[PDB]
Structures are given as structure tokens and as C-alpha cells.
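The residues making up each chain are set out below.
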Amino acid sequence: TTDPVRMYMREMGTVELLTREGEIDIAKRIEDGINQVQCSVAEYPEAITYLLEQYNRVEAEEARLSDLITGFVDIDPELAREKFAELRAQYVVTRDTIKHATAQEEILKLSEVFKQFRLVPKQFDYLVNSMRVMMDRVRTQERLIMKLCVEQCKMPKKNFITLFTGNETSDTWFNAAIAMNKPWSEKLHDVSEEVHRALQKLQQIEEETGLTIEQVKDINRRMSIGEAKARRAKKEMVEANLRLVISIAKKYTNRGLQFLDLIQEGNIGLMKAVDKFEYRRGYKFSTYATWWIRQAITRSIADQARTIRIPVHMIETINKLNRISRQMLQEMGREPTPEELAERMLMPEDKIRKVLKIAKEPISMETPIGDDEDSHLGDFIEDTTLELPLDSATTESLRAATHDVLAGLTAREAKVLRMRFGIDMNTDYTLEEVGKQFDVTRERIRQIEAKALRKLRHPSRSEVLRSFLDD
Amino acid sequence: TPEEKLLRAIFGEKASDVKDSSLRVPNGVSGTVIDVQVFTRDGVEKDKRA
DNA sequence: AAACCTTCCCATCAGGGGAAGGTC
DNA sequence: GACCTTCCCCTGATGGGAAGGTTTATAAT
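Each chain is numbered from 1 in the order of its written sequence, a scheme that can depart from the entry numbering, and any residue without coordinates is omitted. Each chain gets a letter, beginning with A, and each ligand a number, beginning with 1, in the order they are written. Every figure reported here is calculated on the shown chains, themselves a piece of a larger assembly. Side-chain numbers here rest on the full set of heavy atoms in the structure, without hydrogens or water.

### Points about the overall build of chain A
- Here a strand is any run of E in DSSP of at least two residues, a helix any run of H or I of at least four, and the numbering for each starts at the N terminus. When helices and strands are tallied, chain A shows 21 helices and two strands.
- For chain A, the C-alpha atoms occupy an extent of roughly 115 × 80 × 60 Å along the three principal directions.
- Burial classification: accessible surface area is computed with a 1.4 Å probe over protein chains only, and a residue below 20% of its type maximum counts as buried, one above 50% as exposed, and the rest as partly exposed. Among the 471 residues that make up chain A, the fraction classed as buried is 31%.
- Charge counting treats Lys and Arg as positive and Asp and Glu as negative, with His and both chain ends excluded. Taken as the charge location is NZ of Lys, CZ of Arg, CG of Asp or CD of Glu. Counting 74 positive and 79 negative side-chain charges, chain A places the averaged centre of each group 1 Å from the other.

This is how it looks when you write it as C-alpha cells:
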């Protein structure tokens, strides 16, 4: 075959299905990966300082209680007051005791109370991005301090990593390589400003993230592994239950939308139903995924069907009206009355006619007209924009008639008329507008205009213009 | 156009806000009216001739 | 398809103020 | 002549509403 629908219809026959084993087997893998990435945040003082600001603002009317947490692994509103002071049992035992020997085995018990508060993915993603931005900030300094010595001073990469691995904090390593007398040593005094001050944005991070420059790398080093596990699992999940999406999508044939469009818009909802699914509840995955798949198909139809896009609500309401008219064909015998569905529906009466009036579909201009000839609809379509030439001639004639007539009046009245009206001039002028540059204002012009319109109202000077009026 | 506005000011001939539809007999044929029907939509009250 | 919810744009309502009117 | 009550135009509120967005749990290939 050729059609790209065949490439897909037989692209899923590769990954075998997954039922009763697959689901619960790889869901555990998903959670085991997110657990690796979750404890990566357990040691991040910036997360504590950021949690305080968004926590106290909840009691000050900015952020909802159930908007920042999905629950605690430990819907009860009373389970809150009991876990806001009992978790600080390790808060101040390791921070002010750096004054850092016994502050190495007392960091796990402080981070343990940080994995019992399930935050909403909205802020959770901000936390993940926070660690990412911290890694990029720390790394910018390394890719600075490195190329300032290797690519410029021509020093071996290994003499750089050997002197850098372990410190990454102070300048004890840079100024110590000056005594090596190597060919690159004599070129280290010039870059002593792009590497010394470089630690101002690198070493300072330590006093912000409360951790050595190297630990900031360890955290993300394992976090990436966890997120990779999660990705590799979810892709297999959707590949396995892919056929279900087609099973659901084949229920929408003539929906103003191609088949593949539907199956794809349904695969999107499949992914969404996957990411928000817990294998713990026991309920099979086929029941849950179907909701998001079928909805991401239905609403998608409501959004890509009509050439004139319509808000979702209207689609729902119109389809309901159609349903009521359908289930009443057998009752009334032929079809319901116009003002009948007004009561059967929750909506009022007079909205039916408008809802049905806008429900028309555009006809392809290529729809062949009667006689079945090659003549199409787009051939009988007129053009009511261009004015016929029979009127353009009248315009070019009135222009000259008005010109001659106005040139028959006085000079003052002439300019006053060509001013109050946009005659042979850009944008006509108001009363005081004319009076502004005609030396007498506000009623002079109001008299001049009436006088001139009266000297033209009189015949023997209006016949020419008067003929242009025919009613 | 301003040239027309000058006319509307001179002879005081205000312009209607309405266009014209006017089912008029096709040019080339002349006949006699033998039947006139009127179909009004439901709800909208009928006119006199209706 | 139904159910609960946030943002925006509407075309309108108490409330303030700058004076305004009328008399014991 | 002041004092009280009255008569109209801006600020900004804020009720109403159309338009969008997120979930929905038996399983459903």
C-alpha cells in the first residue's frame, strides 16, 4: 500500500499489548522514577526559602489551600494543622549549627519531612525548573572559567580538571598554578579578571543554595536519570494501549474531520489520561484512559469541524437540540414543532431560532450548478463591490459642475465652501477650524455658509447642479 | 463624497439609510398579474395584504 | 455530555462632587 | 444670606455573560 494510514495501522502491531501484567508492572516503574527525582529536591535550601514565601501568603488571601497540594502521603482539612509544626522538628538543628561537622548526618532527617507533602504539578514543575536554572547558572561559570584558560592561555584540559576537581569554590587553585612555570603559566595573569570575578556569580550560589558547587551537580545528575525512567515507561504505556484510541475514534466517521486527525487528537487525550493515573486505586486503565481520549476527540471535533469556528458550548447545545428533535420523530409522527423544544430544553424559547439560524455550513464554490455541466457555483457569484461605470461618469461630471459653480461665487464663500466640505482638499474642517485661519471666527463662517448656500439655492445658477438630483 | 455633501447642503436632499430590493419585472417581457401569494414566517405578524 | 471555575468585555448601576434652586 | 434639598456628569463597581479549560474511574485493544 501507499497511504500514510497504513504506515500507522501496522506500526502498532509491533509492540505487543499489555493487560493485567503490563499496566501494574510498568506503573511501578513510573513511580520509582519520580521518586528518584523527588528526593533530589529534598536537599535544596532555595526550595525551603521559596516554600516559606508561597506558604505564608496562603493565609493572606493569595493562593488556595487545595491549589498548592494534592494531598499528603502520611481530603482531610484537619490533617493540615497537625503537619505544619511537627515537621519543623528538624528545621533548626542543622542550619545554625554550622558554627559543619555534625551537620553532615543530620540533613536526611530534615529532608524526610519534605517528602510527605504532595505539591500540585503546577508548582512542582517550577521547582524542577528551579533546579535546572541553578544547574545552568553554576555551569555558565564553568564554561566561562574553562575557555578563559584553555582556549586562551593554551593550557591542557587535564591540568585544568586536576586543579579544579574538588575545589570549584575559591581561587586557591588558580593562583597556585602560577608557580608551575609551564608555558601556560605565564599567560594566567592577564585572565586574572575574568576568572577571579567569575566566582562572584559562582561562589555566591553556595551561600544561596546552602551547598557546595559540586553537590548542585550531583542532585541534577541523578534527577535526570529519574525523569528518563519516567519517560521511557510512559511511551511504552501509550504504545501498548494505542489500539483503544482507534477503537474509540472509529465512532466518528463523517465528523467534518479526517480519520487520522481524530485518532491523533485522541492520542493526545491518551497521554493526558496516562500522566494523571495512579495504579494504586486498582481500577483498570482502560476505564480511565477512555474518558480523556473520547473527550479530546469530541472537543477537538467541536474546534476543527466548522470552517467558522464556534465555541464548544454552542456545539453541545446544538447537538442536544438535534437529539430532542430525533427522539420525537416517532412521537409527533413526523417532526416536532418549532416552539416545542423550548420546554424540553433548559434554555428559553426565543433562542432556538437563532441557534438554528447560525447552524448553516458553507457550500463549496466548486459545487456544480444544475444541468450537471462544468458550470460551478463560483461562476455565478457576482461582485457587489465595484460601482458600475454609469455612476463613475456621473461623479466625474458632478466634480466639474460643482467646480464651475463654486468658481462662480465670491472668493471668500469659495474657500469657505471648499473648507467646510472636503472639496479638493484633505479632510473637511469644522466651524472654528475654518475661522482659525480666516481672521474672523465662530459666527462669521456660520453666516458665510448660509449666504453661499442661499446664493446657490437660487435658480439660474443651480440648474446645472440641480439636475444631478433626481427623486 | 464631499461634492455630494455640498448638494445635500444646497438643496437639502437628505440620503436614506436604506437600499432598494424591489422585485421588478424582467426586461424584455410584459404581461399581466394573475396570482399573488404571500408566505409569512411563523410568529412575525402579517401585514395588510397578507 | 455534564460539572465546576477563571479571564475578559459588556453594557449598566451607587456614589461623589460642582454647583443650583428656592425660602423660613 | 446661609442652610438644606435638588439636578446633572465623571470614577470605579460590579453585577451578567459569552468563551475556555480541566476532569470524569467497571471495562472498553
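### What about the overall build of chain B?
- The number of helices and strands found in chain B is one helix and zero strands.
- Oriented by its inertia axes, the alpha-carbon framework of chain B measures out at about 45 × 40 × 15 Å.
- Buried positions account for 12% of the 50 residues belonging to chain B.
- Entry remark: accessible area of chain B is about 5,100 Å², with carbon and sulfur atoms responsible for 50%.
- For chain B, the distance from the average position of its 9 positive side-chain charges to the average position of its 9 negative side-chain charges is 1 Å. Shrake-Rupley sampling with a 1.4 Å probe provides the accessible areas, and residues are treated as covered by the protein chains on show and by no other component.

### Regarding the UniProt feature "DNA-binding region" (unreviewed entry) in chain A
- UniProt positions are given in the numbering used here, feature names are shortened, and annotations may be inferred rather than shown by experiment. Look at the UniProt record and you will see "DNA-binding region" (unreviewed entry) annotated at residues 431–450 of chain A.
- Annotation note: span residues 431–450 of chain A, helix share 65%, strand share 0%, distance between end C-alpha atoms 13 Å.

### A short note on the side chain of A:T94
All names here are of chain A.
- Along the chain, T94 falls in the loop between β1 (69–71) and α4 (108–112).
- Polar contacts, as used here, are pairs of N or O atoms within 3.5 Å; protein pairs need one atom able to donate a hydrogen and one able to accept it. Residues neighboring in sequence count only if both atoms are side-chain atoms. At 3.0 Å, the side chain of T94 forms a polar contact with the backbone oxygen of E106.
- Beyond its immediate stretch of four places on either side in the chain, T94 contacts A103, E106, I107 and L110. Residue contacts are counted whenever heavy atoms from the two residues lie within 4.5 Å of one another.

### A short note on the protein's contact with DNA strand C
Residue and element names in this part refer to chain A.
- Nearness here has a simple test: a residue counts as near a molecule or strand if at least one of its heavy atoms is within 4 Å of that partner. Around DNA strand C, the structure places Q295, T298, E316, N319, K320 and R323.
- In this structure, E316 approaches DNA strand C through a side-chain N or O atom, which is 3.1 Å from a phosphate oxygen.
- The dominant element in the surface near DNA strand C, judged by the number of residues it contributes, is helix α12 (residues 312–327), at four residues.
- Charged means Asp, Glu, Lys or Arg here, nonpolar means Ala, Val, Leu, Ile, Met, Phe, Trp, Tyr, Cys or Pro, and polar covers whatever is left, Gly included. Residues of the surface near DNA strand C, tallied by class, amount to no nonpolar, three polar and three charged.

### Brief notes about the interface of chain B and chain A
- Taken together, the 12 residues of chain B in the interface contact 20 residues of chain A.
- Interface of chain B and chain A: buried area, both sides summed, is about 1,400 Å²; carbon and sulfur atoms make up 76% of it.
- Salt bridge criterion: a side-chain nitrogen from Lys or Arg within 4 Å of a carboxyl oxygen from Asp or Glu. Where chain B touches chain A, the interface holds zero salt bridges.
- The tally of links between chain B and chain A comes to one residue pair in polar contact. Note on definitions: buried area is the accessible-area loss of two parts on being combined, 1.4 Å probe, summed for both.

### As for the protein's contact with DNA strand D
Residue and element names in this part refer to chain A.
- Taken together, 21 residues lie near DNA strand D, and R281, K284, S286, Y288 and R309 sit nearest.
- Here DNA strand D approaches the protein such that, of its atoms within 4 Å, sugar and phosphate make up 57%.
- In this structure, a phosphate oxygen belonging to DNA strand D sits 3.1 Å away from a side-chain N or O atom of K276.
- Between DNA strand D and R281 there is a distance of 2.7 Å, counted from a base nitrogen to a side-chain nitrogen or oxygen.
- Looking at the surface near DNA strand D, the elements with two or more residues in it are α9 (242–249) and α11 (285–304).
- Ranked by residue count, the leading element in the surface near DNA strand D is α11, at eight residues.
- A breakdown of the residues in the surface near DNA strand D according to their chemical character gives nine nonpolar, six polar and six charged.

### Observations concerning the nonpolar core
Residues and elements named next belong to chain A.
- Formed by 29 residues in total, the largest nonpolar core has its most connected members in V138, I145, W173, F174 and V195.
- In terms of residue count, helix α5 (residues 121–147) provides more of this core than any other element does, four residues in total.
- Not counting the four nearest positions on each side in its chain, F174 is found in contact with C149, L188, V191, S192 and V195. In plain words, nonpolar cores are sets of buried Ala, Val, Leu, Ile, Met, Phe, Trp, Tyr and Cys residues tied together by side-chain atoms within 4.5 Å.

### Quick look at helix α6 (residues 157–164) of chain A
Residues and elements named next belong to chain A.
- Of all the positions in α6, only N159, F160 and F164 are classed as buried. For α6, the angular spread of buried residues about the axis comes to 120 degrees, placing them on one side. For α6, exposure combined with an orientation more than 90 degrees from the buried face picks out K158 and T162.
- Those residues of α6 that are buried are in contact with α5. Within this analysis, the arc is defined by the directions that extend from the helix axis to the C-beta atoms.

### Focus: the packing of aromatic side chains
All names here are of chain A.
- Between 30 and 60 degrees the pair is tilted, below 30 it is stacked and above 60 it is edge-to-face, where a pair is any two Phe, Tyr or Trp rings, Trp via its six-membered ring, whose centres lie within 6.5 Å. All told, the structure shown has 10 aromatic pairs over all chains when counted by the stated rule.
- Where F277 meets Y288, the ring centres are 5.8 Å apart and the plane angle is 40 degrees; that geometry is what we call tilted. Of this pair, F277 sits in the loop between α10 (259–275) and α11 while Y288 is found in helix α11, placing the two residues 11 residues apart along the sequence.
- Judged by its relative accessible area of 17%, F277 falls in the buried class.
- With relative accessibility at 21%, the residue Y288 sits in the partly exposed group.

### Concerning α9(A)
Residue and element names in this part refer to chain A.
- Those residues of α9 not exposed but buried are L242, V245, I246, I248 and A249. In an axial view of α9, the angular spread of the buried residues amounts to 165 degrees, which keeps them on one side of the axis.
- Buried residues belonging to α9 abut α1 (4–9), α8 (215–240), α10 and α11.

### Considering the environment of A:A240
Residue and element names in this part refer to chain A.
- With respect to the helices and strands, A240 occurs in helix α8.
- Residue classification places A240 among the buried residues on the basis of a relative accessible area of 6%.
- In this structure, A240 is in contact with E16 and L18, ignoring residues within four places of it in sequence.

### As for a negative patch on the surface
Residues and elements named next belong to chain A.
- Judged by side-chain charge, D371, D372, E373 and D374 come together as a negatively charged surface patch.
- Checked against the element boundaries, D372 lands in the loop between α15 (351–357) and α16 (377–380).
- Exposure remark for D372: the relative accessible area of 73% places this residue in the exposed category. Like-charged residues are merged into a patch within 9 Å and nonpolar side chains (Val, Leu, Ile, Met, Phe, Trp, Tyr) within 5 Å, provided each residue has over 30% relative accessible area and no salt bridge.

### Focus: the environment of A:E432
All names here are of chain A.
- Looking at the element boundaries, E432 is found in helix α19 (residues 431–436).
- Overall, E432 belongs to the partly exposed group, its relative accessible area being 39%.
- For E432 and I352, which are 80 residues apart along the polypeptide, the C-alpha to C-alpha distance reads 53 Å.
- Not counting the four nearest positions on each side in its chain, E432 is found in contact with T441 and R442.

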